[PDB]
Structure formats: C-alpha cells, structure tokens
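Colleague: I need the structure of the sequence given here:
(one chain, ligands or ions: 2)
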Amino acid sequence: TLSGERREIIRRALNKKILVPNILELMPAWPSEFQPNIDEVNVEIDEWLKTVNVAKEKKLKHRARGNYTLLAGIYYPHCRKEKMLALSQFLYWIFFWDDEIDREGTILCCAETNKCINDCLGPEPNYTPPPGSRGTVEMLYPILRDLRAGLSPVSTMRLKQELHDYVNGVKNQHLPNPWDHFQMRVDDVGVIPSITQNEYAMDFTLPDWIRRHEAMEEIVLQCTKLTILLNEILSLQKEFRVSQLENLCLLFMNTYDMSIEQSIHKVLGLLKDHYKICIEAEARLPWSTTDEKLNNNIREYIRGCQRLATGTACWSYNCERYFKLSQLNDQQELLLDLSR
Ligand SMILES: C/C=C(\C)CC/C=C(\C)CCC=C(C)C
Ligand SMILES: [Mg+2]
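Modeller: Numbering: from 1, shown residues only. Ligands and ions are numbered 1, 2, ... in the order given. This is the structure:
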C-alpha cells in the first residue's frame with residue numbers, strides 16, 4: 001500500500017544527516033550578484049505589505065524567512081531600482097498564493113486566479129478586482145498591471161500563458177515514480193514567469209522567432225531543470241519535516257532502494273549533466289553578425305535563465321525558508337538534518 005511505502009521512507013530517512021556541497025560550485029561559469037538597492041526596496045515592500053489582505057503573522061513569516069526582495073535582487077542584479085518593486089511584489093504574491101492554496105477551495109481559487117490573469121494580461125484589460133476577491137487574488141491585479149506596463153505585448157502573451165500553466169498545474173496536483181515527479185515539475189513549476197520578468201527587469205523584448213529557436217528553448221528548459229534539481233536537495237529537510245515525501249531525493253530512495261546519500265549524489269550528478277547541456281546550447285543560438293542591440297537582448301535573456309538556477313541556490317543560502325543558516329559551514333556546505 002501507499003501507507004507502507006510512506007512509512008518505510010520515513011523510517012529510512014529519519015534523523016539522517018547529509019553534508020551537501022556548495023551547489024553554486026556546480027555552475028562555475030555563472031556568477032551570483034546582488035541588485036544594489038535591495039534595502040531601499042525592502043522599505044517600500046514593508047509599507048506595501050501593510051495593505052495586503054493576508055494575515056499579519058503570515059506576511060511577516062514570509063518577509064522574515066523568505067525575504068523575497070532579496071530573491072528578486074539576485075534574479076535581477078542589474079535592473080534599475082524602479083523595476084525592483086513590481087518584481088519583489090510578484091514573488092510575495094506567488095509565495096503567499098502557494099501558501100494559502102479541499103478540492104473545492106482549490107478549484108475556486110484557481111478559477112478566480114485564472115480570471116485575474118485573463119483580466120489583467122488579456123486583450124481587454126480590466127485591472128479592477130471583482131468585489132469580494134480573496135486576498136491573494138485581489139493583490140495580483142495591480143501587480144500584473146504594473147508588470148504589463150513595462151512589457152511588450154510579445155512578452156505579456158508569454159507571461160499570461162506561463163501564469164496559466166502555473167495555476168493549472170497547481171489545480172491538477174504508491175509514491176510517484178521519480179521521473180514522473182520530475183517531468184511534472186518541469187511543466188508545472190512556477191519558475192518560467194521569472195525568466196519572462198527579466199524582460200520587465202531589463203526593459204527589453206526577446207523576439208518570438210529567437211524564443212522558439214531550438215537552442216533558446218533548450219537553455220530555458222535546462223535552467224528550469226537545474227532550478228528544480230537544486231531545489232529538490234535544498235528543500236528536502238523542509239519537506240521531510242512536514243511529511244511531504246514527494247521529493248525527488250526520497251522518490252529515488254523509494255523506487256531504487258538507494259540510500260539518502262546515494263540519491264542526493266544522483267541529483268547532484270543530474271545537475272552537472274544539465275549544466276553542461278545548457279552551456280553547449282549557447283554556441284547554437286542565432287547570434288546576429290551585425291545587431292549589437294539584438295545580441296545584447298539574447299545575452300540578457302540567457303543570463304536571466306542562468307540566474308534562475310544560480311539565484312535560487314544563492315537565495316536559499318541567504319535566507320531561512322529551507323533551513324537554519326547555522327547549518328552552513330564555512331564552505332557553504334549544508335548539513336541537512338532530517339530530524340523531527
Ligand atoms: C519551486 C521553488 C523554487 C524553484 C524557488 C524559486 C521559485 C519561484 C521564485 C517561483 C515558484 C514559487 C513557489 C511558491 C513554488
Ligand atoms: Mg521543493
């Protein structure tokens with residue numbers, strides 16, 4: 001039965017301590033940087049959060065442990081400070097929304113959220129939340145409006161589809177097979193809208209014909225996979241402690257009777273594989289022989305993709321969403337601790 005499988009995983013992983021190498025070292029060509037106005041933007045974010053209709057203690061737990069302005073600051077380290085506000089607000093939205101979301105309640109929330117996405121990003125814009133909107137939907141209307149104000153319709157269409165994909169993936173969601181779990185996250189994970197928001201952050205539009213080029217599709221895919229893989233390792237302690245066993249490390253343990261150490265090693269191996277694929281795709285991009293602006297846009301778009309992966313790791317090593325920062329030693333090696 002499913003309960004026997006879950007119970008045995010818990011039995012095998014309980015109280016295990018695993019030292020994880022610094023994941024940033026597995027992506028050595030891709031540097032991590034910090035937007036220089038994070039503190040100033042956080043002051044704005046704190047004033048804004050007072051107006052958000054999410055419980056005070058919940059907003060504060062996210063602000064304290066997640067501190068998503070820092071995440072935006074690492075995703076978008078070269079944007080101007082004026083862009084940082086909407087970018088930080090969006091991350092507060094998606095984490096609040098994911099937190100707050102009972103099959104009926106989920107279906108209703110997803111429908112109201114998809115409606116907001118259509119209202120704000122679709123061909124007949126309406127930025128006014130319907131009366132009686134829940135807090136995590138009401139707050140999304142002005143965020144999408146502000147993002148759309150700094151986006152071409154080309155980029156807006158991609159953001160719209162990507163947000164629908166995220167919301168519908170949440171709606172749709174034996175222990176599962178590890179590869180089924182991985183592929184589901186590759187389709188469903190909320191990271192692609194962050195790649196598109198680099199176009200907002202750096203005020204440019206990547207043309208569709210380049211976005212659809214096999215090598216650019218590959219880079220987006222590889223960076224999505226890399227972000228998932230490192231998140232599986234970095235979130236293992238958090239998820240195991242609330243008995244959320246659908247973590248890739250535990251699924252490798254279950255399906256293949258791997259030890260927890262072997263399974264983490266396997267995920268780290270996949271990270272290195274997909275990084276090398278990603279790097280090799282750059283040579284195949286349709287770089288222009290003449291157009292500096294176009295090539296700067298291609299460069300910025302792929303740096304945005306790479307920063308999703310390095311930035312999610314770097315942020316995880318600089319906040320307390322996933323573990324206590326005392327669990328890092330002086331080499332940024334993480335001592336996971338699956339105690340309860
Ligand atoms: C799966 C979580 C991560 C890869 C961390 C970075 C992800 C985002 C910034 C958007 C996803 C938001 C969620 C609440 C899952
Ligand atoms: Mg996770």
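
Colleague: which helices and strands sit right next to the strand or helix carrying residue 280?
Modeller: Under the criterion DSSP states H and E, the helix or strand holding residue 280 is helix 260-281. Contacting helix 260-281 under the criterion 3 or more Cβ pairs under 8 Å, 6 or more residues apart in numbering; DSSP states H and E are the following elements: strand 17-20, helix 214-234, helix 248-256. In short, each C-beta sits where N, CA and C put it, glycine included.

Colleague: next, format these as TSV and append mean neighbour count.
Modeller: Below are the helices and strands packed on helix 260-281 laid out as TSV (neighbours: other Cβ atoms under 10 Å):
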stretch	mean neighbour count
strand 17-20	17
helix 214-234	22
helix 248-256	22
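
Colleague: nearest to ligand 2, of those?
Modeller: Comparing the helices and strands packed on helix 260-281 by their distance to ligand 2 (Cβ to the ion), the top pick is helix 214-234, with 4.7 Å.

Colleague: hmm, the helix or strand following the closest one in reach of ligand 2?
Modeller: Beyond helix 214-234 in the direction of the C-terminus, DSSP H and E gives the next helix or strand as helix 236-241. No: applying Cβ under 5 Å from the ion, one finds helix 236-241 separated from ligand 2 by no less than 5.8 Å.

Colleague: near ligand 1 at all, helix 236-241?
Modeller: No: using Cβ under 6 Å from any ligand atom, helix 236-241 never reaches ligand 1; the gap is at least 10.7 Å.

Colleague: buried ones in that helix, by neighbour count?
Modeller: Buried positions in helix 236-241, judged by neighbour count with 16 or more other Cβ atoms under 10 Å: 236, 237, 239, 240.

Colleague: got CSV for these, with distance to residue 258 too?
Modeller: Rendered in CSV, the data for these read as follows (distance: Cβ to Cβ, whole Å):
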residue, distance to residue 258
236, 14
237, 18
239, 17
240, 15
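
Colleague: quick revisit: hey, what's the angle from the helix holding residue 280 to helix 248-256? Just curious.
Modeller: Note on geometry: by axes from the mean of the first three to the mean of the last three Cα atoms, to 10 degrees, helix 260-281 and helix 248-256 are set 110 degrees apart in direction.
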